[PDB]
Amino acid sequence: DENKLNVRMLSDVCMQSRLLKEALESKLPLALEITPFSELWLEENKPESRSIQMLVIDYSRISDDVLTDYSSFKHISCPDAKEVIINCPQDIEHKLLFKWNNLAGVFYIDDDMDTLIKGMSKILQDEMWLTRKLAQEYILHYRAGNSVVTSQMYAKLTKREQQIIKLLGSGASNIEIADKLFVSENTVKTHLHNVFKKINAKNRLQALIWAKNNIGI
């Protein structure tokens, strides 16, 4: 419906998902549709994906091999959509959440629907639904200067690989990189082909975007 918020839940489709989907559409003003993480890449260049204004992320079905596909789907189609995490574990390392650039709310694994409906209603009112701890972590981290949290796949790359990837996440060219490290253009190109694993980039664009989101010096 044109009136309602375009929401997209990133999850499995199944008895429960659909059951929550309907529950969310009963109480809040939204048109929700469910898309599994595994299929994100198929929605990247769809027109109707450009209309997504909220993404609801089932933290329980998230995994490292989807992260890359997500970051690009998010940039290519709905960079400006709000993101809301649900089913988040209690003992989560909040910095791990900075990776969601429009995080607007977080719901924990053992919150109930009373909380979820309350929370989501606030977020639909352009509030944010965070705990005091999390709000503090953001503030301490941001206030202290830091913008991005360098991720874990990164630290696992070789020295070449690391240097080559940082510069990529600076939108440098093949040539421009080969010229700051003093190496064959064809060389950086070969390192990159490796680096796409495990960072899991289907291509240079994914990696580039992966980069700008997952590595800050």
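Residue numbers here begin at 1 and follow the sequence given.
Across the two stretches, 193-201 and 16-24, the PDB entry reports the greater mean Cα temperature factor for 193-201. In this entry, 181-189 has the higher mean Cα B-factor, the comparison being between 181-189 and 47-55. Of the candidates 73, 108, 142, 100, the PDB record gives 142 the highest C-alpha temperature factor. The entry lists C-alpha B-factors for 31, 62, 34, 175, and the highest of these is at 175. For residue 77, the recorded CA B-factor ranks within the middle third of the chain. Only modelled residues enter the ranking. Residue-level temperature factors show residue 146 in the highest third of its chain, judged at the C-alpha atom. When all modelled residues of the chain are sorted by CA temperature factor, residue 38 is found within the lowest third.
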